[PDB]
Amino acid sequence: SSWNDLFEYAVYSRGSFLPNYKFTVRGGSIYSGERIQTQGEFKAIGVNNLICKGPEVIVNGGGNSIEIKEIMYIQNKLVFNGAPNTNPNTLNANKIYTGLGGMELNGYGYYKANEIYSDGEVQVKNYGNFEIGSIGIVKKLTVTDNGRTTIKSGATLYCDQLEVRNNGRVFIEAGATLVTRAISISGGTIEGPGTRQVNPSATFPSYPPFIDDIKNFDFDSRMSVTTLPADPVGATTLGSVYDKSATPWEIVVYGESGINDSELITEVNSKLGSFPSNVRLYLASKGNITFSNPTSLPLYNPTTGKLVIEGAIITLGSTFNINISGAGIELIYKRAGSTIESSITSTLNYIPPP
């Protein structure tokens, strides 16, 4: 699997991506060209990459749990806004990069990165817990307001500046090392059996190459968005292409002005003569997606209270909202078969990089 392949994404958003409350993506990758803003209970389980090339990624509320297996690229700023101690956030990420806007890890949360690189200030505050498993290279690390940052054994943090304040704590484990060019501890602690080194002329290692690779990739250049097709069969706003040679059946639904659940029931049944609960669904829309009555879709699971979409969602508008009434989404990534890829490649005039 490749981070520059459109068909690797569970969510590919050309513009922004504002999911509904209670949204789980399981597998695949997540891309947005502009802002990502999640309004609570957002979960990424087994996500390979999360690439955001816009100005913010704002994770709001509690109960968020994000797992990144490879690269989390944050073009400018990432902000976990704050979780109740009764519904804390978790982040487990392999490699994280942020640009100049930083990474604000507000608290009631356990945030782990194995590698962290940042052209800005990593803040850990308001009881947040941040652990670096192997390496860190950041402009600034500041722990305040009862935060905690642990350098785990074997790891090395490099930061140009280190600020600890208002009962912030930095723990350096045995065999770990923190290396800063300047330091300012007023009100906070640094303990632990590892080495802490102040060196105004320290030489840091180089960023790994994936950072520039992604910064340098013009995602938009790979496609030419024109109009999304529509047929009068079924919902007159939507178009679709389907594949019954696959198991389960696969259908991609195109909606130039958005998609809703009434239209989806109409369109799918017209093409398939039914709407089996196991259908693999690929939604491609230039407006929002709205499920006003999700229990009407056979994808709704009454036991979990979730719409279970197996497939992927491609959104092409500048702004994009998923809205749903009285249910959560469980989007399980499933790579499309070739009939569906050919339809999407044709529709978006897509040229895969390799």
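For every residue, the number given is its place in the sequence shown, counted from 1.
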Between 29 to 37 and 53 to 61 (mean CA B-factor, as deposited), the higher: 53 to 61
Comparing 304 to 312 with 318 to 326, the one whose average Cα B-factor in the PDB entry is higher: 318 to 326
C-alpha B-factor winner, where the candidates are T266, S186, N94, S274: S186
Candidate set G168, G255, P208, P248 [ranked by C-alpha B-factor, highest]: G168
Third of chain Cα B-factors occupied by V241: lowest
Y111 - Cα temperature factor, lowest/middle/highest third of chain: lowest
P200 - which third its CA temperature factor falls in, relative to the rest of the chain: highest
Assigned third (lowest, middle, highest) for the C-alpha B factor of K125: highest
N89 by Cα B-factor - lowest, middle or highest third of the modelled chain: lowest
